[PDB]
Amino acid sequence: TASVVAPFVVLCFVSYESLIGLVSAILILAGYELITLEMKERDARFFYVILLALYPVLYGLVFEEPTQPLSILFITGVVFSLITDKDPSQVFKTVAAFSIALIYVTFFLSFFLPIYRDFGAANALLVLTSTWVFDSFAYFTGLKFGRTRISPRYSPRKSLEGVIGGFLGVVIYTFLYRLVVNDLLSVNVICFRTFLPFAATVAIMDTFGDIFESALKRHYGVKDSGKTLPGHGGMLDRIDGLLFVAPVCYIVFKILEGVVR
Amino acid sequence: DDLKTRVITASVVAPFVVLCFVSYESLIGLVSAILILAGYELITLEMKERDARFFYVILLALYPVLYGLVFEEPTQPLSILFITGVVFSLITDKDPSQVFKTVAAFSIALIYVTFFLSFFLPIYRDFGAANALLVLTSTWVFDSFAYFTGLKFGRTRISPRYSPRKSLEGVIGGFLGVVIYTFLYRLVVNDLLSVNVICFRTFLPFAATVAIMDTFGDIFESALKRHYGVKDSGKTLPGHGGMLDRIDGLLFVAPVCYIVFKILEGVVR
Ligand SMILES: CCCCCCCCCO[C@@H]1O[C@H](CO)[C@@H](O)[C@H](O)[C@H]1O
Ligand SMILES: CCCCCCCCCO[C@@H]1O[C@H](CO)[C@@H](O)[C@H](O)[C@H]1O
Ligand SMILES: [Hg+2]
Ligand SMILES: [Hg+2]
Ligand SMILES: [Hg+2]
Ligand SMILES: [Hg+2]
Ligand SMILES: [Mg+2]
Ligand SMILES: [Mg+2]
């Protein structure tokens, strides 16, 4: 398990098309999970799952645009649920769950597609891992440093202190990351002023992005999003903070770093 | 009680709207307005709660501006309007199984209503204020012709049992009424100025989508209302029906139309 998860992912950031393939895979998984909490029903799950997985490809390769395939994946989904679900108050339930999967999971995750394209495969790996880096440092400095509850009563506990730490761990992960990456080739990287914010957002977003998921799970009755990968936890669980991050990161990058060819 | 309250609104609705397609910024302001209304309605079915409604309402109304003026991009503000919304519901709603209910309703509002309707923003920009008005009215045009040729030309049920009556026949008619509305629309508009219009091959499809989309777009809304228990989305405008009700098929149309235009007409700026 754990020996390949880290490098398999990374080795994917090589091609734009490789990136797509990873995002696609992750979406079938994460998507399957979030949809399965609303459907234990045979076909239902699968169709909407396929939709959730198609976006990266349609967005990146088919249309060189995002909004166009987003609208039709939604439209195709609702059409389907109208055909299949004949109880109207229920057609609403599947569309609601599919609606969250589409925005939260699918739309938000495929934000790597433009982050990669417009900011170099480099910063892509940077954003992704900076969440892993924040995550560790948030845990450690959280256990031994305080009880200031920012997390809700239903969500797994989180501290202001744990975040201020994970913040710093990202702040540092970048000095290190900068040097190593401007070296290995003349590679594009997060400049020095786009540092403090990029940390701040990986901080604040992963926090909110996980709390939102935990709330999402208390509604479906579980403490795990689902079991797809034999690894520890669920696929949606290993992603949750990353979802809120990517979008906010891409915004932060454009505001503070311009563009590429 | 006067006959000037029901007629004055019937006289301005049509031209007020049209007179807006003049500026890109005017278009934005109409779309913004319509979203606060339509949005207020769809959210209100899930919330009879004081603040809740209003916050998410404002979010749903902001997208057109943020998308058109602030970011010259769509996806960026879409993601943050959602994120700002969920953050809010986490703060306010403390029951997790309920935070899910408001996010679900807000989620449909965002995509269906807000995202779909503001598609006029790019349709206008990339296809000329002309075709914008063309798409919008072509739904009004399809709507009439679908009603008439529907009453007297058939009873083959395409519409669901909870949904207002619809027939394959009524659509094949509204299809044609749009097909024709364009010959007419083309001539008048290539005349009044050297104006950009739906070419002749982009005709058959544009009809087909206004047909098929308004159909699905209304059925989805009707299903949406059966869940909330009403036969009207809400009463905002004193006019007949609700604001969301006058738009429902238009939502599914705009997106699909924009796609269809790009596939078939390039960037006729
Ligand atoms: C397309 C970009 C998105 C990539 C998604 C791949 C998710 C792989 C899971 O990662 C794992 O998540 C844990 C939980 O945080 C970390 O502790 C651990 O070190 C890391 O190996
Ligand atoms: C850019 C969005 C434009 C907003 C359009 C909706 C608000 C105007 C509604 O007016 C009426 O709508 C009814 C719906 O079919 C028809 O009875 C009639 O044709 C039309 O006069
Ligand atoms: Hg790989
Ligand atoms: Hg810089
Ligand atoms: Hg106007
Ligand atoms: Hg033409
Ligand atoms: Mg997490
Ligand atoms: Mg209608």
# chains A, B, ... in the order shown; residues from 1 in each chain; ligands from 1
$ interface_residues --of "chain A" --to "chain B" --cutoff "9 Å" --atoms "only C-alpha atoms" --output "PyMOL selection string"
chain A and resi 66-69+71-72+74-75+78-79+82+86-93+95-97+99-100+103-104+107-108+152-155+208-209+211-212+214-221+244+247-248+250-251
$ write_last_selection --atoms "N, CA and C atoms" --output "short mmCIF file (atom, residue, chain, number, x, y, z; two decimals), in the first residue's frame"
data_model
loop_
_atom_site.label_atom_id
_atom_site.label_comp_id
_atom_site.auth_asym_id
_atom_site.auth_seq_id
_atom_site.Cartn_x
_atom_site.Cartn_y
_atom_site.Cartn_z
N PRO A 66 -14.00 24.49 -19.34
CA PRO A 66 -14.61 23.90 -18.15
C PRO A 66 -16.15 23.91 -18.07
N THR A 67 -16.74 25.11 -18.08
CA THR A 67 -18.19 25.27 -17.96
C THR A 67 -19.05 24.45 -18.92
N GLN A 68 -18.66 24.34 -20.18
CA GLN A 68 -19.47 23.57 -21.13
C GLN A 68 -19.76 22.14 -20.69
N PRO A 69 -18.71 21.33 -20.42
CA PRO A 69 -19.03 19.96 -20.00
C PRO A 69 -19.63 19.86 -18.58
N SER A 71 -21.99 21.81 -17.31
CA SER A 71 -23.43 21.95 -17.50
C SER A 71 -24.07 20.69 -18.07
N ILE A 72 -23.42 20.06 -19.05
CA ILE A 72 -24.02 18.87 -19.63
C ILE A 72 -23.91 17.61 -18.80
N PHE A 74 -24.31 17.65 -15.67
CA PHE A 74 -25.42 17.89 -14.76
C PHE A 74 -26.74 17.60 -15.46
N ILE A 75 -26.89 18.18 -16.64
CA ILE A 75 -28.09 17.97 -17.41
C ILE A 75 -28.27 16.49 -17.71
N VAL A 78 -29.54 14.75 -14.43
CA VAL A 78 -30.94 15.03 -14.09
C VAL A 78 -31.90 14.33 -15.06
N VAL A 79 -31.56 14.35 -16.34
CA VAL A 79 -32.37 13.66 -17.34
C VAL A 79 -32.50 12.21 -16.89
N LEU A 82 -34.69 11.56 -13.94
CA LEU A 82 -36.10 11.79 -14.24
C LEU A 82 -36.65 10.51 -14.84
N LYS A 86 -38.96 7.57 -10.33
CA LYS A 86 -40.30 8.05 -10.66
C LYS A 86 -41.00 8.78 -9.52
N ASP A 87 -40.39 8.76 -8.35
CA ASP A 87 -40.92 9.46 -7.19
C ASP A 87 -40.22 10.82 -7.24
N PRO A 88 -40.98 11.90 -7.50
CA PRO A 88 -40.45 13.28 -7.59
C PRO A 88 -39.70 13.78 -6.36
N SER A 89 -40.20 13.49 -5.16
CA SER A 89 -39.52 13.92 -3.94
C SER A 89 -38.21 13.15 -3.77
N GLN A 90 -38.04 12.10 -4.58
CA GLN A 90 -36.84 11.27 -4.56
C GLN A 90 -35.90 11.67 -5.69
N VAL A 91 -36.45 12.14 -6.80
CA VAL A 91 -35.63 12.60 -7.91
C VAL A 91 -34.84 13.76 -7.34
N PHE A 92 -35.43 14.46 -6.38
CA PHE A 92 -34.78 15.58 -5.72
C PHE A 92 -33.61 15.09 -4.88
N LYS A 93 -33.78 13.97 -4.18
CA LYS A 93 -32.72 13.45 -3.33
C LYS A 93 -31.45 13.02 -4.06
N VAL A 95 -30.57 14.10 -7.11
CA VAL A 95 -30.03 15.28 -7.77
C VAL A 95 -29.26 16.12 -6.76
N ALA A 96 -29.72 16.12 -5.51
CA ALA A 96 -29.06 16.88 -4.45
C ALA A 96 -27.67 16.29 -4.15
N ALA A 97 -27.62 14.97 -4.04
CA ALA A 97 -26.38 14.25 -3.76
C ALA A 97 -25.41 14.33 -4.95
N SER A 99 -25.47 16.68 -7.13
CA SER A 99 -25.12 18.10 -7.17
C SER A 99 -23.93 18.42 -6.29
N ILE A 100 -23.86 17.80 -5.12
CA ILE A 100 -22.72 18.03 -4.23
C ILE A 100 -21.47 17.31 -4.79
N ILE A 103 -20.06 19.50 -7.79
CA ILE A 103 -19.31 20.68 -7.38
C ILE A 103 -18.09 20.37 -6.51
N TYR A 104 -18.36 19.88 -5.31
CA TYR A 104 -17.36 19.55 -4.29
C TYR A 104 -16.24 18.62 -4.70
N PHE A 107 -15.85 19.00 -9.60
CA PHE A 107 -15.47 20.31 -10.09
C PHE A 107 -14.19 20.79 -9.38
N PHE A 108 -14.22 20.76 -8.05
CA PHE A 108 -13.09 21.20 -7.21
C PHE A 108 -11.78 20.44 -7.39
N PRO A 152 -16.37 21.97 14.87
CA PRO A 152 -17.74 21.83 15.37
C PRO A 152 -17.86 20.63 16.31
N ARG A 153 -18.98 20.58 17.02
CA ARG A 153 -19.26 19.53 17.99
C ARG A 153 -19.41 18.12 17.40
N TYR A 154 -19.81 18.04 16.13
CA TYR A 154 -20.01 16.76 15.43
C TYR A 154 -18.80 16.31 14.62
N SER A 155 -17.88 17.23 14.39
CA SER A 155 -16.69 16.97 13.62
C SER A 155 -15.49 16.58 14.45
N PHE A 208 -11.57 23.74 6.70
CA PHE A 208 -12.97 23.82 6.30
C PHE A 208 -13.40 22.65 5.42
N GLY A 209 -12.53 22.25 4.50
CA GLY A 209 -12.82 21.15 3.59
C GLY A 209 -13.01 19.80 4.23
N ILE A 211 -14.04 19.62 7.66
CA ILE A 211 -15.20 19.82 8.52
C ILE A 211 -16.47 19.63 7.70
N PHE A 212 -16.47 20.15 6.48
CA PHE A 212 -17.62 20.01 5.61
C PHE A 212 -17.84 18.51 5.36
N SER A 214 -16.91 15.90 7.22
CA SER A 214 -17.31 15.22 8.44
C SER A 214 -18.82 15.43 8.68
N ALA A 215 -19.28 16.65 8.42
CA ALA A 215 -20.70 17.02 8.57
C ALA A 215 -21.53 16.19 7.57
N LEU A 216 -20.97 16.04 6.38
CA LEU A 216 -21.58 15.30 5.29
C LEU A 216 -21.75 13.83 5.69
N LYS A 217 -20.81 13.32 6.48
CA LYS A 217 -20.87 11.94 6.92
C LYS A 217 -21.82 11.71 8.09
N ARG A 218 -21.91 12.67 9.01
CA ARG A 218 -22.81 12.55 10.16
C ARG A 218 -24.25 12.45 9.66
N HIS A 219 -24.50 13.03 8.49
CA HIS A 219 -25.82 12.98 7.90
C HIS A 219 -26.14 11.58 7.37
N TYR A 220 -25.13 10.88 6.87
CA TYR A 220 -25.31 9.53 6.33
C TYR A 220 -25.06 8.43 7.36
N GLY A 221 -24.72 8.85 8.57
CA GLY A 221 -24.48 7.92 9.66
C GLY A 221 -23.14 7.23 9.84
N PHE A 244 -11.34 21.81 -1.08
CA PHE A 244 -11.41 23.26 -0.86
C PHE A 244 -10.11 23.99 -1.20
N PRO A 247 -9.18 24.92 -5.61
CA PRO A 247 -9.87 26.11 -6.11
C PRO A 247 -9.26 27.37 -5.52
N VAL A 248 -9.28 27.49 -4.20
CA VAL A 248 -8.73 28.67 -3.56
C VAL A 248 -7.27 28.90 -3.89
N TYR A 250 -5.69 28.03 -6.86
CA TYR A 250 -5.67 28.52 -8.24
C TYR A 250 -5.96 30.02 -8.31
N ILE A 251 -6.92 30.46 -7.49
CA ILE A 251 -7.33 31.86 -7.40
C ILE A 251 -6.14 32.65 -6.89
#
$ residues_around --residues "segment 176-180 of chain B" --least-positions-apart "6" --cutoff "8 Å" --atoms "only C-alpha atoms" --output "list in words"
residues 138, 141, 142, 145, 203, 204 and 207 of chain B
$ residues_around --residues "residue 128 of chain B" --least-positions-apart "6" --cutoff "10 Å" --atoms "only C-alpha atoms" --output "PDB file with C-alpha atoms, in the first residue's frame"
ATOM      1  CA  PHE B  21     -29.834  43.296 -24.051  1.00  0.00           C
ATOM      2  CA  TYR B  24     -23.176  43.706 -21.675  1.00  0.00           C
ATOM      3  CA  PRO B 122     -20.915  34.385 -22.483  1.00  0.00           C
ATOM      4  CA  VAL B 195     -25.993  41.997 -37.567  1.00  0.00           C
ATOM      5  CA  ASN B 196     -24.612  38.601 -36.589  1.00  0.00           C
ATOM      6  CA  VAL B 197     -27.188  35.805 -36.572  1.00  0.00           C
ATOM      7  CA  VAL B 267     -16.375  33.120 -32.256  1.00  0.00           C
ATOM      8  CA  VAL B 268     -18.372  35.558 -34.322  1.00  0.00           C
ATOM      9  CA  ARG B 269     -17.535  38.304 -31.766  1.00  0.00           C
TER      10      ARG B 269
END
$ residues_near_ligand --ligand "ligand 1" --cutoff "7 Å" --atoms "only C-alpha atoms and all ligand atoms" --output "VMD selection string"
chain A and resid 2 5 to 6 9 19 22 to 23 26 109 112 128 132 135 to 136 238 to 239
$ closest_residue --among "A:235, A:252, A:52, A:168" --to "ligand 7" --atoms "only C-alpha atoms and all ligand atoms"
A:235
$ atom_distance --atom1 "atom 6 (C, counted along the ligand's line) of ligand 2" --atom2 "atom CA of residue 147 of chain B"
17.6 Å
$ closest_residue --among "A:48, A:63, A:139, A:119" --to "ligand 4" --atoms "only C-alpha atoms and all ligand atoms"
A:119
$ residues_near_ligand --ligand "ligand 4" --cutoff "12 Å" --atoms "only C-alpha atoms and all ligand atoms" --output "ChimeraX atom specification"
/A:119,178,188-195,252-259
$ select_by_dssp --residues "segment 12-250 of chain A" --states "helix (DSSP H, G or I)" --output "ChimeraX atom specification"
/A:12,16-36,42-62,67-84,88-109,112-143,160-183,195-220,240-250
$ residues_near_ligand --ligand "ligand 5" --cutoff "7 Å" --atoms "only C-alpha atoms and all ligand atoms" --output "number ranges by chain"
B: 16-20
$ write_last_selection --atoms "C-alpha atoms" --output "PDB file, in the first residue's frame"
ATOM      1  CA  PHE B  16     -38.058  45.846 -20.233  1.00  0.00           C
ATOM      2  CA  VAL B  17     -36.191  42.583 -20.694  1.00  0.00           C
ATOM      3  CA  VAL B  18     -35.335  43.253 -24.338  1.00  0.00           C
ATOM      4  CA  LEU B  19     -34.210  46.858 -23.701  1.00  0.00           C
ATOM      5  CA  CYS B  20     -31.651  45.305 -21.390  1.00  0.00           C
TER       6      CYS B  20
END
$ residues_around --residues "residue 145 of chain A" --least-positions-apart "3" --cutoff "7 Å" --atoms "only C-alpha atoms" --output "number ranges by chain"
A: 141-142, 161
$ closest_atom_pairs --of "chain A" --to "ligand 3" --cutoff "7 Å" --atoms "only C-alpha atoms and all ligand atoms" --output "Markdown table"
| residue | atom | partner | partner_atom_place_in_ligand_line | distance |
| --- | --- | --- | --- | --- |
| A:8 | CA | ligand 3 | 1 (Hg) | 4.6 |
| A:9 | CA | ligand 3 | 1 (Hg) | 5.4 |
| A:10 | CA | ligand 3 | 1 (Hg) | 6.7 |
| A:11 | CA | ligand 3 | 1 (Hg) | 4.7 |
| A:12 | CA | ligand 3 | 1 (Hg) | 3.7 |
| A:18 | CA | ligand 3 | 1 (Hg) | 6.8 |
| A:22 | CA | ligand 3 | 1 (Hg) | 6.9 |
$ residues_around --residues "residue 60 of chain A" --least-positions-apart "5" --cutoff "8 Å" --atoms "only C-alpha atoms" --output "list in words"
residues 20, 65, 66 and 113 of chain A
$ residues_around --residues "residue 192 of chain B" --least-positions-apart "6" --cutoff "12 Å" --atoms "only C-alpha atoms" --output "JSON, numbers by chain"
{"B": [130, 185, 186]}
$ write_last_selection --atoms "N, CA and C atoms" --output "compact mmCIF listing (two decimals), in the first residue's frame"
# COMPACT_ATOMS: atom_id res chain seq x y z
N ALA B 130 -27.40 40.17 -30.23
CA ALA B 130 -28.42 39.71 -31.16
C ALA B 130 -28.93 38.33 -30.80
N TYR B 185 -36.61 35.97 -38.01
CA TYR B 185 -35.62 36.65 -37.19
C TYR B 185 -34.32 36.98 -37.94
N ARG B 186 -33.88 36.06 -38.81
CA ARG B 186 -32.67 36.24 -39.61
C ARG B 186 -32.78 37.49 -40.50
$ residues_around --residues "residue 187 of chain A" --least-positions-apart "4" --cutoff "12 Å" --atoms "only C-alpha atoms" --output "number ranges by chain"
A: 119-123, 177-183, 191
$ residues_near_ligand --ligand "ligand 2" --cutoff "7 Å" --atoms "only C-alpha atoms and all ligand atoms" --output "VMD selection string"
chain B and resid 10 13 to 14 17 30 to 31 34 120 136 140 to 141 143 243 246 to 247
